[PDB]
$ cat query.pdb   # PDB, C-alpha atoms
ATOM      1  CA  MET A   1     -41.526 -61.178 -94.445
ATOM      2  CA  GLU A   2     -40.868 -64.560 -92.700
ATOM      3  CA  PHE A   3     -39.586 -63.028 -89.422
ATOM      4  CA  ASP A   4     -43.091 -61.552 -89.127
ATOM      5  CA  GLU A   5     -44.970 -64.180 -91.203
ATOM      6  CA  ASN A   6     -43.585 -67.570 -90.069
ATOM      7  CA  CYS A   7     -44.902 -69.254 -86.940
ATOM      8  CA  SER A   8     -42.538 -72.268 -86.485
ATOM      9  CA  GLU A   9     -42.625 -70.879 -82.915
ATOM     10  CA  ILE A  10     -46.105 -72.386 -82.306
ATOM     11  CA  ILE A  11     -45.934 -74.912 -79.456
ATOM     12  CA  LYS A  12     -47.599 -77.993 -81.012
ATOM     13  CA  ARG A  13     -50.332 -80.001 -79.276
ATOM     14  CA  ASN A  14     -48.009 -82.981 -78.447
ATOM     15  CA  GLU A  15     -45.663 -80.593 -76.601
ATOM     16  CA  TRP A  16     -48.348 -79.878 -73.992
ATOM     17  CA  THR A  17     -50.519 -83.072 -73.923
ATOM     18  CA  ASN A  18     -50.590 -86.787 -74.865
ATOM     19  CA  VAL A  19     -54.384 -86.739 -75.347
ATOM     20  CA  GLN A  20     -55.552 -86.563 -78.982
ATOM     21  CA  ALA A  21     -58.909 -85.135 -80.089
ATOM     22  CA  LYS A  22     -61.783 -87.659 -79.735
ATOM     23  CA  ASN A  23     -63.291 -86.473 -83.065
ATOM     24  CA  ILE A  24     -62.119 -84.229 -85.904
ATOM     25  CA  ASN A  25     -64.024 -82.295 -88.526
ATOM     26  CA  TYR A  26     -62.050 -80.185 -90.975
ATOM     27  CA  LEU A  27     -62.492 -76.452 -91.550
ATOM     28  CA  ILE A  28     -63.011 -75.170 -95.073
ATOM     29  CA  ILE A  29     -59.731 -73.445 -96.017
ATOM     30  CA  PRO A  30     -59.279 -70.542 -96.606
ATOM     31  CA  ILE A  31     -60.917 -69.394 -93.350
ATOM     32  CA  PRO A  32     -62.908 -66.071 -93.394
ATOM     33  CA  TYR A  33     -62.828 -65.099 -89.668
ATOM     34  CA  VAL A  34     -60.518 -64.975 -86.655
ATOM     35  CA  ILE A  35     -62.331 -64.696 -83.279
ATOM     36  CA  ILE A  36     -60.379 -63.196 -80.361
ATOM     37  CA  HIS A  37     -61.313 -64.570 -76.918
ATOM     38  CA  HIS A  38     -59.992 -64.511 -73.382
ATOM     39  CA  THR A  39     -60.048 -67.758 -71.366
ATOM     40  CA  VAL A  40     -61.133 -66.226 -68.009
ATOM     41  CA  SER A  41     -58.714 -68.791 -66.558
ATOM     42  CA  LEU A  42     -55.611 -68.438 -64.418
ATOM     43  CA  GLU A  43     -52.841 -66.475 -66.110
ATOM     44  CA  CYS A  44     -49.477 -68.044 -66.870
ATOM     45  CA  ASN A  45     -46.106 -66.347 -67.158
ATOM     46  CA  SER A  46     -43.768 -69.207 -68.203
ATOM     47  CA  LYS A  47     -43.795 -72.090 -70.677
ATOM     48  CA  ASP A  48     -44.071 -74.661 -67.864
ATOM     49  CA  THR A  49     -47.029 -72.921 -66.206
ATOM     50  CA  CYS A  50     -48.718 -72.258 -69.567
ATOM     51  CA  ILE A  51     -48.374 -75.964 -70.438
ATOM     52  CA  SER A  52     -50.114 -76.948 -67.151
ATOM     53  CA  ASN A  53     -52.868 -74.374 -67.540
ATOM     54  CA  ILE A  54     -53.682 -75.409 -71.116
ATOM     55  CA  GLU A  55     -53.658 -79.107 -70.165
ATOM     56  CA  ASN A  56     -56.252 -78.215 -67.477
ATOM     57  CA  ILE A  57     -58.417 -76.328 -70.025
ATOM     58  CA  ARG A  58     -58.239 -79.391 -72.335
ATOM     59  CA  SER A  59     -59.138 -81.776 -69.490
ATOM     60  CA  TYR A  60     -62.060 -79.522 -68.502
ATOM     61  CA  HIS A  61     -63.405 -79.318 -72.119
ATOM     62  CA  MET A  62     -62.840 -82.965 -73.085
ATOM     63  CA  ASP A  63     -63.484 -84.838 -69.813
ATOM     64  CA  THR A  64     -65.776 -82.588 -67.795
ATOM     65  CA  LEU A  65     -67.839 -81.099 -70.643
ATOM     66  CA  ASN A  66     -67.470 -84.177 -72.936
ATOM     67  CA  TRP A  67     -66.385 -82.044 -75.885
ATOM     68  CA  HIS A  68     -64.487 -83.537 -78.837
ATOM     69  CA  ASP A  69     -61.343 -81.443 -78.192
ATOM     70  CA  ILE A  70     -59.981 -78.352 -76.427
ATOM     71  CA  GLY A  71     -62.363 -75.694 -77.766
ATOM     72  CA  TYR A  72     -59.835 -73.016 -78.785
ATOM     73  CA  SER A  73     -57.817 -73.053 -82.045
ATOM     74  CA  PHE A  74     -54.780 -71.333 -80.526
ATOM     75  CA  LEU A  75     -53.937 -69.991 -77.069
ATOM     76  CA  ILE A  76     -51.609 -67.105 -76.161
ATOM     77  CA  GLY A  77     -49.732 -67.426 -72.835
ATOM     78  CA  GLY A  78     -48.362 -64.526 -70.752
ATOM     79  CA  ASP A  79     -44.986 -66.014 -71.664
ATOM     80  CA  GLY A  80     -45.657 -64.587 -75.151
ATOM     81  CA  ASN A  81     -45.847 -68.092 -76.631
ATOM     82  CA  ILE A  82     -48.470 -69.434 -79.062
ATOM     83  CA  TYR A  83     -49.956 -72.844 -78.174
ATOM     84  CA  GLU A  84     -51.773 -75.056 -80.660
ATOM     85  CA  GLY A  85     -55.216 -76.063 -79.357
ATOM     86  CA  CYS A  86     -57.374 -77.594 -82.052
ATOM     87  CA  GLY A  87     -55.098 -75.812 -84.589
ATOM     88  CA  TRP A  88     -55.592 -74.376 -88.089
ATOM     89  CA  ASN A  89     -57.415 -77.388 -89.557
ATOM     90  CA  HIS A  90     -59.914 -78.717 -86.988
ATOM     91  CA  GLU A  91     -63.329 -77.205 -86.193
ATOM     92  CA  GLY A  92     -63.286 -75.786 -82.636
ATOM     93  CA  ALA A  93     -65.954 -75.112 -79.977
ATOM     94  CA  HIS A  94     -65.527 -71.479 -79.057
ATOM     95  CA  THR A  95     -68.078 -69.233 -80.873
ATOM     96  CA  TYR A  96     -71.778 -70.121 -81.524
ATOM     97  CA  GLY A  97     -72.568 -69.870 -85.240
ATOM     98  CA  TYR A  98     -68.883 -69.356 -86.178
ATOM     99  CA  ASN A  99     -67.067 -72.622 -85.328
ATOM    100  CA  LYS A 100     -67.106 -73.809 -88.972
ATOM    101  CA  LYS A 101     -65.876 -70.531 -90.455
ATOM    102  CA  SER A 102     -63.236 -69.237 -88.015
ATOM    103  CA  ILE A 103     -60.300 -70.025 -85.837
ATOM    104  CA  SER A 104     -60.192 -68.653 -82.308
ATOM    105  CA  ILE A 105     -57.210 -67.051 -80.597
ATOM    106  CA  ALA A 106     -57.633 -67.229 -76.841
ATOM    107  CA  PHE A 107     -55.545 -64.995 -74.597
ATOM    108  CA  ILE A 108     -54.981 -66.885 -71.326
ATOM    109  CA  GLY A 109     -56.318 -64.689 -68.537
ATOM    110  CA  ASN A 110     -59.038 -62.185 -67.824
ATOM    111  CA  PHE A 111     -58.645 -58.993 -69.857
ATOM    112  CA  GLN A 112     -61.881 -57.182 -68.886
ATOM    113  CA  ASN A 113     -60.088 -54.807 -66.515
ATOM    114  CA  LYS A 114     -56.462 -55.029 -67.658
ATOM    115  CA  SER A 115     -54.549 -54.899 -70.934
ATOM    116  CA  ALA A 116     -52.706 -57.856 -72.394
ATOM    117  CA  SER A 117     -48.934 -57.371 -72.498
ATOM    118  CA  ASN A 118     -47.149 -56.256 -75.678
ATOM    119  CA  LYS A 119     -45.651 -59.736 -76.109
ATOM    120  CA  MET A 120     -49.134 -61.364 -76.001
ATOM    121  CA  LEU A 121     -50.663 -58.951 -78.573
ATOM    122  CA  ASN A 122     -47.607 -59.234 -80.833
ATOM    123  CA  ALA A 123     -47.796 -63.080 -80.714
ATOM    124  CA  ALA A 124     -51.520 -63.107 -81.661
ATOM    125  CA  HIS A 125     -50.968 -60.570 -84.436
ATOM    126  CA  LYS A 126     -48.033 -62.573 -85.834
ATOM    127  CA  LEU A 127     -50.241 -65.665 -85.785
ATOM    128  CA  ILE A 128     -52.818 -63.876 -87.950
ATOM    129  CA  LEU A 129     -50.134 -62.816 -90.460
ATOM    130  CA  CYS A 130     -48.765 -66.403 -90.537
ATOM    131  CA  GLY A 131     -52.241 -67.754 -91.371
ATOM    132  CA  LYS A 132     -52.641 -65.208 -94.173
ATOM    133  CA  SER A 133     -49.095 -65.918 -95.421
ATOM    134  CA  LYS A 134     -49.812 -69.667 -95.648
ATOM    135  CA  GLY A 135     -53.176 -69.260 -97.407
ATOM    136  CA  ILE A 136     -54.890 -70.755 -94.303
ATOM    137  CA  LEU A 137     -56.724 -67.502 -93.564
ATOM    138  CA  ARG A 138     -58.395 -65.588 -96.363
ATOM    139  CA  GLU A 139     -56.394 -62.666 -97.776
ATOM    140  CA  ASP A 140     -59.288 -60.460 -96.558
ATOM    141  CA  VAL A 141     -59.672 -62.305 -93.202
ATOM    142  CA  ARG A 142     -61.921 -60.501 -90.710
ATOM    143  CA  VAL A 143     -60.740 -60.291 -87.103
ATOM    144  CA  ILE A 144     -63.441 -59.762 -84.491
ATOM    145  CA  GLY A 145     -63.822 -60.087 -80.736
ATOM    146  CA  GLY A 146     -66.248 -62.760 -79.478
ATOM    147  CA  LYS A 147     -68.498 -59.980 -78.128
ATOM    148  CA  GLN A 148     -69.198 -58.790 -81.704
ATOM    149  CA  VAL A 149     -71.026 -62.055 -82.579
ATOM    150  CA  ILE A 150     -72.218 -63.821 -79.354
ATOM    151  CA  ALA A 151     -73.641 -62.816 -75.937
ATOM    152  CA  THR A 152     -70.305 -62.410 -74.112
ATOM    153  CA  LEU A 153     -67.893 -59.770 -72.863
ATOM    154  CA  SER A 154     -64.971 -61.881 -74.214
ATOM    155  CA  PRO A 155     -62.104 -60.993 -75.030
ATOM    156  CA  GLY A 156     -62.620 -58.426 -72.252
ATOM    157  CA  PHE A 157     -62.977 -54.674 -72.744
ATOM    158  CA  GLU A 158     -59.307 -53.774 -72.246
ATOM    159  CA  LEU A 159     -58.025 -56.421 -74.695
ATOM    160  CA  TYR A 160     -60.836 -55.582 -77.112
ATOM    161  CA  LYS A 161     -59.677 -51.963 -77.384
ATOM    162  CA  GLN A 162     -56.167 -53.303 -78.081
ATOM    163  CA  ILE A 163     -57.240 -55.544 -80.981
ATOM    164  CA  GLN A 164     -59.141 -52.552 -82.423
ATOM    165  CA  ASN A 165     -55.690 -51.109 -83.307
ATOM    166  CA  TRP A 166     -55.127 -54.013 -85.681
ATOM    167  CA  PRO A 167     -55.701 -53.237 -89.374
ATOM    168  CA  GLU A 168     -57.437 -56.639 -89.812
ATOM    169  CA  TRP A 169     -60.017 -55.792 -87.091
ATOM    170  CA  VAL A 170     -63.517 -55.064 -88.474
ATOM    171  CA  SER A 171     -66.242 -53.051 -86.682
ATOM    172  CA  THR A 172     -68.842 -55.332 -88.254
ATOM    173  CA  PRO A 173     -68.538 -59.120 -88.934
TER
END

$ encode --input "query.pdb" --output "structure tokens"
Amino acid sequence: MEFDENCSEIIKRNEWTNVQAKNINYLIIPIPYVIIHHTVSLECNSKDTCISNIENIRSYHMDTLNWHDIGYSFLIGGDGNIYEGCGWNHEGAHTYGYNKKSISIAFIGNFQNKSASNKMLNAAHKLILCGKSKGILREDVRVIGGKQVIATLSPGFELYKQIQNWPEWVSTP
């Protein structure tokens, strides 16, 4: 139900930055895949620190790397909040070969050698249900870690084992 399936809680892009995307291309909806990543960036434990961290990721992607936008669709802070990156509708830059057919959910931190907190996992899982509930994600949406489709250890081994508990996780893309 809506307590589990409504994400009005998502911190929108304009709440963390004043810089719009330089270019937008729209994802085909419904979307067939969700890719779970970690950011390998400094962790954040409060809304204020998560806002700063995500602004720095955006600045790095857009200004340093000259990308069209922050590369991740959504980000999960250690505060347990969901932050809109490029969002449900805009093609990201996170997973080679998958950017046009997925959103990414990026857990802020490095989860190779430590688990994500309960509040982080629960936020990401609620986001997936919200997408399904809205018809944004396919009813049979396939959740995978980045490491299942590209040459990466993302979302980190510890977090990977955690997402494997999710019923929407698939062993093969």

$ closest_residue --input "query.pdb" --among "A:161, A:47, A:147, A:138" --to "residue 121 of chain A" --atoms "all atoms listed in the file"
A:161

$ closest_residue --input "query.pdb" --among "A:35, A:27, A:1, A:82" --to "residue 13 of chain A" --atoms "all atoms listed in the file"
A:82

$ atom_distance --input "query.pdb" --atom1 "atom CA of residue 168 of chain A" --atom2 "atom CA of residue 12 of chain A"
25.1 Å

$ atom_distance --input "query.pdb" --atom1 "atom CA of residue 133 of chain A" --atom2 "atom CA of residue 2 of chain A"
8.8 Å

$ residues_around --input "query.pdb" --residues "residue 71 of chain A" --least-positions-apart "5" --cutoff "9 Å" --atoms "only C-alpha atoms" --output "compact mmCIF listing (two decimals) with C-alpha atoms, in the frame of the given file"
# COMPACT_ATOMS: atom_id res chain seq x y z
CA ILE A 57 -58.42 -76.33 -70.03
CA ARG A 58 -58.24 -79.39 -72.33
CA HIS A 61 -63.40 -79.32 -72.12
CA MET A 62 -62.84 -82.96 -73.08
CA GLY A 85 -55.22 -76.06 -79.36
CA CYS A 86 -57.37 -77.59 -82.05
CA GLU A 91 -63.33 -77.20 -86.19
CA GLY A 92 -63.29 -75.79 -82.64
CA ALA A 93 -65.95 -75.11 -79.98
CA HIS A 94 -65.53 -71.48 -79.06
CA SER A 104 -60.19 -68.65 -82.31

$ residues_around --input "query.pdb" --residues "residue 157 of chain A" --least-positions-apart "4" --cutoff "7 Å" --atoms "all atoms listed in the file" --output "tab-separated table (two decimals) with C-alpha atoms, keeping the file's coordinate frame"
chain	number	residue	atom	x	y	z
A	111	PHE	CA	-58.64	-58.99	-69.86
A	112	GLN	CA	-61.88	-57.18	-68.89
A	113	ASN	CA	-60.09	-54.81	-66.52
A	161	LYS	CA	-59.68	-51.96	-77.38

$ resolve_selection --input "query.pdb" --expression "the PyMOL selection byres ((chain A and resi 78) around 6)" --output "PyMOL selection string"
chain A and resi 44-45+77+79-80

$ resolve_selection --input "query.pdb" --expression "the PyMOL selection byres ((chain A and resi 59) around 12)" --output "JSON, numbers by chain"
{"A": [16, 17, 18, 19, 20, 21, 52, 53, 54, 55, 56, 57, 58, 60, 61, 62, 63, 64, 65, 66, 67, 68, 69, 70, 71]}

$ closest_residue --input "query.pdb" --among "A:154, A:49, A:99, A:36" --to "residue 166 of chain A" --atoms "only C-alpha atoms"
A:36

$ residues_around --input "query.pdb" --residues "residue 143 of chain A" --least-positions-apart "3" --cutoff "10 Å" --atoms "all atoms listed in the file" --output "VMD selection string"
chain A and resid 32 to 36 102 to 104 128 140 146 163 to 164 166 to 173

$ write_last_selection --input "query.pdb" --atoms "C-alpha atoms" --output "tab-separated table (two decimals), in the frame of the given file"
chain	number	residue	atom	x	y	z
A	32	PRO	CA	-62.91	-66.07	-93.39
A	33	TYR	CA	-62.83	-65.10	-89.67
A	34	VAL	CA	-60.52	-64.97	-86.66
A	35	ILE	CA	-62.33	-64.70	-83.28
A	36	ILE	CA	-60.38	-63.20	-80.36
A	102	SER	CA	-63.24	-69.24	-88.02
A	103	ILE	CA	-60.30	-70.03	-85.84
A	104	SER	CA	-60.19	-68.65	-82.31
A	128	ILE	CA	-52.82	-63.88	-87.95
A	140	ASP	CA	-59.29	-60.46	-96.56
A	146	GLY	CA	-66.25	-62.76	-79.48
A	163	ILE	CA	-57.24	-55.54	-80.98
A	164	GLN	CA	-59.14	-52.55	-82.42
A	166	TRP	CA	-55.13	-54.01	-85.68
A	167	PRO	CA	-55.70	-53.24	-89.37
A	168	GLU	CA	-57.44	-56.64	-89.81
A	169	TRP	CA	-60.02	-55.79	-87.09
A	170	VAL	CA	-63.52	-55.06	-88.47
A	171	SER	CA	-66.24	-53.05	-86.68
A	172	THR	CA	-68.84	-55.33	-88.25
A	173	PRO	CA	-68.54	-59.12	-88.93

$ atom_distance --input "query.pdb" --atom1 "atom CA of residue 46 of chain A" --atom2 "atom CA of residue 137 of chain A"
28.5 Å

$ resolve_selection --input "query.pdb" --expression "the PyMOL selection byres ((chain A and resi 3) around 12)" --output "ChimeraX atom specification"
/A:1-2,4-9,123,126-127,129-130,133

$ closest_residue --input "query.pdb" --among "A:24, A:50, A:10, A:31" --to "residue 142 of chain A" --atoms "all atoms listed in the file"
A:31

$ build_atoms --input "query.pdb" --residues "segment 76-93 of chain A" --atoms "N, CA, C and O atoms" --output "PDB file, keeping the file's coordinate frame"
ATOM      1  N   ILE A  76     -52.752 -68.002 -76.334  1.00  0.00           N
ATOM      2  CA  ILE A  76     -51.609 -67.105 -76.161  1.00  0.00           C
ATOM      3  C   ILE A  76     -51.332 -67.053 -74.650  1.00  0.00           C
ATOM      4  O   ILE A  76     -52.198 -66.673 -73.876  1.00  0.00           O
ATOM      5  N   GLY A  77     -50.136 -67.467 -74.247  1.00  0.00           N
ATOM      6  CA  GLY A  77     -49.732 -67.426 -72.835  1.00  0.00           C
ATOM      7  C   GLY A  77     -49.080 -66.094 -72.505  1.00  0.00           C
ATOM      8  O   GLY A  77     -48.592 -65.404 -73.395  1.00  0.00           O
ATOM      9  N   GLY A  78     -49.062 -65.737 -71.219  1.00  0.00           N
ATOM     10  CA  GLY A  78     -48.362 -64.526 -70.752  1.00  0.00           C
ATOM     11  C   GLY A  78     -46.864 -64.615 -70.938  1.00  0.00           C
ATOM     12  O   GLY A  78     -46.156 -63.614 -70.820  1.00  0.00           O
ATOM     13  N   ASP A  79     -46.376 -65.816 -71.249  1.00  0.00           N
ATOM     14  CA  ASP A  79     -44.986 -66.014 -71.664  1.00  0.00           C
ATOM     15  C   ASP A  79     -44.700 -65.458 -73.064  1.00  0.00           C
ATOM     16  O   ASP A  79     -43.543 -65.382 -73.480  1.00  0.00           O
ATOM     17  N   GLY A  80     -45.762 -65.072 -73.779  1.00  0.00           N
ATOM     18  CA  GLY A  80     -45.657 -64.587 -75.151  1.00  0.00           C
ATOM     19  C   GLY A  80     -45.566 -65.710 -76.164  1.00  0.00           C
ATOM     20  O   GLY A  80     -45.229 -65.476 -77.324  1.00  0.00           O
ATOM     21  N   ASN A  81     -45.862 -66.934 -75.732  1.00  0.00           N
ATOM     22  CA  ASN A  81     -45.847 -68.092 -76.631  1.00  0.00           C
ATOM     23  C   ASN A  81     -47.231 -68.363 -77.220  1.00  0.00           C
ATOM     24  O   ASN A  81     -48.259 -68.023 -76.607  1.00  0.00           O
ATOM     25  N   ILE A  82     -47.241 -68.975 -78.401  1.00  0.00           N
ATOM     26  CA  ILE A  82     -48.470 -69.434 -79.062  1.00  0.00           C
ATOM     27  C   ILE A  82     -48.558 -70.951 -78.885  1.00  0.00           C
ATOM     28  O   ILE A  82     -47.611 -71.667 -79.211  1.00  0.00           O
ATOM     29  N   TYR A  83     -49.693 -71.417 -78.372  1.00  0.00           N
ATOM     30  CA  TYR A  83     -49.956 -72.844 -78.174  1.00  0.00           C
ATOM     31  C   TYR A  83     -51.056 -73.316 -79.107  1.00  0.00           C
ATOM     32  O   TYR A  83     -52.124 -72.711 -79.177  1.00  0.00           O
ATOM     33  N   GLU A  84     -50.788 -74.419 -79.800  1.00  0.00           N
ATOM     34  CA  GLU A  84     -51.773 -75.056 -80.660  1.00  0.00           C
ATOM     35  C   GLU A  84     -52.825 -75.757 -79.791  1.00  0.00           C
ATOM     36  O   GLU A  84     -52.482 -76.606 -78.957  1.00  0.00           O
ATOM     37  N   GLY A  85     -54.088 -75.383 -79.985  1.00  0.00           N
ATOM     38  CA  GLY A  85     -55.216 -76.063 -79.357  1.00  0.00           C
ATOM     39  C   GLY A  85     -55.741 -77.050 -80.377  1.00  0.00           C
ATOM     40  O   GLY A  85     -55.073 -78.054 -80.681  1.00  0.00           O
ATOM     41  N   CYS A  86     -56.908 -76.768 -80.945  1.00  0.00           N
ATOM     42  CA  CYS A  86     -57.374 -77.594 -82.052  1.00  0.00           C
ATOM     43  C   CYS A  86     -56.726 -77.229 -83.420  1.00  0.00           C
ATOM     44  O   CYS A  86     -56.887 -77.951 -84.412  1.00  0.00           O
ATOM     45  N   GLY A  87     -55.953 -76.145 -83.445  1.00  0.00           N
ATOM     46  CA  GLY A  87     -55.098 -75.812 -84.589  1.00  0.00           C
ATOM     47  C   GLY A  87     -55.809 -75.163 -85.765  1.00  0.00           C
ATOM     48  O   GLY A  87     -56.986 -74.778 -85.660  1.00  0.00           O
ATOM     49  N   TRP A  88     -55.085 -75.040 -86.879  1.00  0.00           N
ATOM     50  CA  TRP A  88     -55.592 -74.376 -88.089  1.00  0.00           C
ATOM     51  C   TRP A  88     -56.691 -75.190 -88.790  1.00  0.00           C
ATOM     52  O   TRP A  88     -57.550 -74.616 -89.451  1.00  0.00           O
ATOM     53  N   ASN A  89     -56.629 -76.522 -88.678  1.00  0.00           N
ATOM     54  CA  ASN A  89     -57.415 -77.388 -89.557  1.00  0.00           C
ATOM     55  C   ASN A  89     -58.675 -78.013 -88.970  1.00  0.00           C
ATOM     56  O   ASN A  89     -59.497 -78.508 -89.732  1.00  0.00           O
ATOM     57  N   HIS A  90     -58.817 -77.998 -87.646  1.00  0.00           N
ATOM     58  CA  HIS A  90     -59.914 -78.717 -86.988  1.00  0.00           C
ATOM     59  C   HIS A  90     -60.953 -77.755 -86.454  1.00  0.00           C
ATOM     60  O   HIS A  90     -60.595 -76.764 -85.820  1.00  0.00           O
ATOM     61  N   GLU A  91     -62.234 -78.036 -86.705  1.00  0.00           N
ATOM     62  CA  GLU A  91     -63.329 -77.205 -86.193  1.00  0.00           C
ATOM     63  C   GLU A  91     -63.295 -77.186 -84.656  1.00  0.00           C
ATOM     64  O   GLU A  91     -63.248 -78.238 -84.017  1.00  0.00           O
ATOM     65  N   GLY A  92     -63.311 -75.981 -84.084  1.00  0.00           N
ATOM     66  CA  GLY A  92     -63.286 -75.786 -82.636  1.00  0.00           C
ATOM     67  C   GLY A  92     -64.666 -75.725 -82.000  1.00  0.00           C
ATOM     68  O   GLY A  92     -65.662 -76.098 -82.623  1.00  0.00           O
ATOM     69  N   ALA A  93     -64.705 -75.281 -80.743  1.00  0.00           N
ATOM     70  CA  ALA A  93     -65.954 -75.112 -79.977  1.00  0.00           C
ATOM     71  C   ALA A  93     -65.733 -73.898 -79.090  1.00  0.00           C
ATOM     72  O   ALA A  93     -65.395 -74.014 -77.903  1.00  0.00           O
TER      73      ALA A  93
END
